[PDB]
Amino acid sequence: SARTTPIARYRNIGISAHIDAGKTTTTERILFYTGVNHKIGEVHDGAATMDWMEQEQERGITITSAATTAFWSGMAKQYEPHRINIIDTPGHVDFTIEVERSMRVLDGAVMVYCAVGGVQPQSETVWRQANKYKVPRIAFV
RNA sequence: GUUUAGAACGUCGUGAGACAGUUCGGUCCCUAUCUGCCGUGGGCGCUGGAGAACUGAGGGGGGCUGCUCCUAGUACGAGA
Ligand SMILES: Nc1nc2c(ncn2[C@@H]2O[C@H](COP(=O)(O)OP(=O)(O)OP(=O)(O)O)[C@@H](O)[C@H]2O)c(=O)[nH]1
Ligand SMILES: [Mg+2]
Ligand SMILES: [Mg+2]
Ligand SMILES: [Mg+2]
Ligand SMILES: [Mg+2]
Ligand SMILES: [Mg+2]
Ligand SMILES: [Mg+2]
């Protein structure tokens with residue numbers, strides 16, 4: 001019953017953005033690259049793993065906050081396998097509670113942004129929710 | 001179906017009968033002369049006669065559209 005991964009190698013990251021900014025797409029790609037999934041499933045095809053719930057495969061949105069983990073070592077494997085507990089949160093204003101609950105406990109965040117339209121009405125809302133809890137965040141255009 | 005002759009009901013009439021009342025049953029002919037049209041030939045013409053290949057003035061035919069997929073979850077839209 002020893003420590004499998006050192007606690008310094010943990011990353012409690014999570015995704016928050018405006019609707020259709022590409023949160024679920026990034027997580028799907030992560031899982032695939034890290035080896036958790038064996039295929040890439042698109043969200044508008046209903047085949048993304050993070051949108052597990054029906055009315056999420058049908059409508060094409062994310063409603064709940066689903067938490068998974070993965071092991072990433074770097075491109076050229078520059079470090080030991082770090083464990084990332086990535087969390088995909090919905091970007092809609094109808095589910096702001098699903099961001100705040102997930103950003104209560106996240107150690108790090110990353111604010112993904114659409115390149116053609118950068119800062120959208122819900123981009124500012126998840127930014128204020130993140131700085132409420134003083135979360136250190138990155139940005140992925 | 002309606003629009004003959006048979007019969008019956010309801011109704012009307014003393015009655016024969018009658019009802020845009022309703023019921024059952026009840027003969028639909030024509031070998032195409034002309035025009036028209038569809039085809040298919042004969043004659044003559046086109047200026048010596050003939051065999052072929054053509055040009056195109058003109059005429060006719062034809063012209064319908066669904067559903068998916070890509071563009072693209074792109075434009076628009078806070079979102080949907
Ligand atoms: N051209 C292009 N389309 C992308 C890209 N990333 C995502 N999309 C499309 O945008 C939609 C994905 O947006 P999502 O990330 O699934 O929605 P979300 O950001 O996870 O957040 P919620 O809607 O609240 O659940 C799909 O149609 C994607 O194919 C990209 O990098 N380039
Ligand atoms: Mg858009
Ligand atoms: Mg959508
Ligand atoms: Mg999503
Ligand atoms: Mg005549
Ligand atoms: Mg013509
Ligand atoms: Mg599409």
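Every chain is numbered from 1, with letters handed out A, B, ... down the list of sequences. The figures that follow rest on heavy atoms only: side chains count, while hydrogens, waters and symmetry mates do not.
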Whole-Å distance separating the [atom1] atom of [X] from the [atom2] atom of [N]:
X	N	atom1	atom2	value
A:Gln122	B:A80	CD	P	11 Å
A:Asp45	B:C69	CG	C1'	13 Å
A:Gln55	B:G79	CD	P	21 Å
A:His18	B:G77	NE2	P	11 Å
A:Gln120	B:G79	CD	P	7 Å
A:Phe95	B:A78	CZ	P	17 Å
A:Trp127	B:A78	CH2	P	23 Å

Distance, [atom1] atom - from [M] to [N], rounded to whole angstrom:
N	M	atom1	answer
B:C30	B:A7	P	34 Å
B:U71	B:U65	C1'	23 Å
B:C44	B:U40	P	22 Å
B:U2	B:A20	P	15 Å
B:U68	B:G62	P	32 Å
B:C37	B:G61	P	15 Å
B:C24	B:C29	P	27 Å
B:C70	B:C64	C1'	26 Å

Would you find more than 12 non-hydrogen atoms of other residues, nucleotides or ligands less than 6.0 Å from A:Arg59 atom CZ?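 Open: at most 12 neighbouring heavy atoms sit under 6.0 Å from CZ of A:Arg59.
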Check the surroundings of atom CD in A:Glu54: do more than 12 heavy atoms from other residues, nucleotides or ligands lie under 6.0 Å from it?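 Counting other residues, nucleotides and ligands, CD of A:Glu54 stays at 12 neighbours or fewer.
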Could you tell me whether the sugar of [N] is north or south, judging only by the sign of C1'-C2'-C3'-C4'?
N	answer
B:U40	north
B:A20	south
B:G51	north
B:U55	north
B:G10	north

Could you tell me if [N] and [M] satisfy the stacking criterion of six-membered ring centres under 5.5 Å apart and ring planes within an angle under 30°?
N	M	value
B:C34	B:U35	yes
B:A57	B:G58	yes
B:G66	B:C67	yes
B:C29	B:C30	yes
B:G10	B:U11	yes

Residue among A:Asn12, A:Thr69, A:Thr27 satisfying side chain to side chain contact (heavy atoms under 4.5 Å, CB included) with A:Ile86: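 One option only clears the test, and that one is A:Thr27.
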Syn or anti for B:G63 (syn when the glycosidic angle lies within 90° of 0):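 B:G63: syn glycosidic orientation.
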Side chains of A:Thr89 and A:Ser65 only: does a donor on one sit below 3.5 Å from an acceptor on the other?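 Side-chain D/A pair, A:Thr89 to A:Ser65: absent.
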5'-most by nearest nucleotide on RNA chain B - A:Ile61 or A:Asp20: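 Result: A:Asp20.
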Cation-pi, A:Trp127 ring and A:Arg137 (6.0 angstrom, 45 degrees):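 Output yes; distance and angle both within limits.
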Respond yes when some side-chain nitrogen or oxygen of A:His92 is under 4.0 Å from OP1 or OP2 of B:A80, and no when none is.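 It does, given that an N or O in the side chain of A:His92 lies less than 4.0 Å from OP1 or OP2 of B:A80.
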Can B:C29 and B:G48 be counted as a Watson-Crick or G-U wobble pair, both distances below 3.5 Å?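 B:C29 and B:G48 do not meet the Watson-Crick or G-U wobble geometry.
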Tell me which nucleotide among B:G79, B:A80, B:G73 gets nearest to the side chain of A:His44.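 Minimum distance to the A:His44 side chain belongs to B:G73.
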Proximal nucleotide (of B:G73, B:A78, B:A75) relative to the A:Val116 side chain: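 Nucleotide nearest to A:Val116's side chain: B:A75.
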Under a 4.5 Å side-chain heavy-atom rule over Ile, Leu, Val, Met, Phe, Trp and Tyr, are A:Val135 and A:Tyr113 clustered together?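 Yes, because A:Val135 and A:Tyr113 connect within a single hydrophobic cluster, where side-chain heavy atoms sit under 4.5 Å apart.
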Geometric class of the A:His92/A:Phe95 ring pair [parallel <30°, tilted 30-60°, perpendicular >60°]: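 Taking A:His92 first and then A:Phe95, their aromatic rings sit tilted (interplane angle of 30° to 60°).
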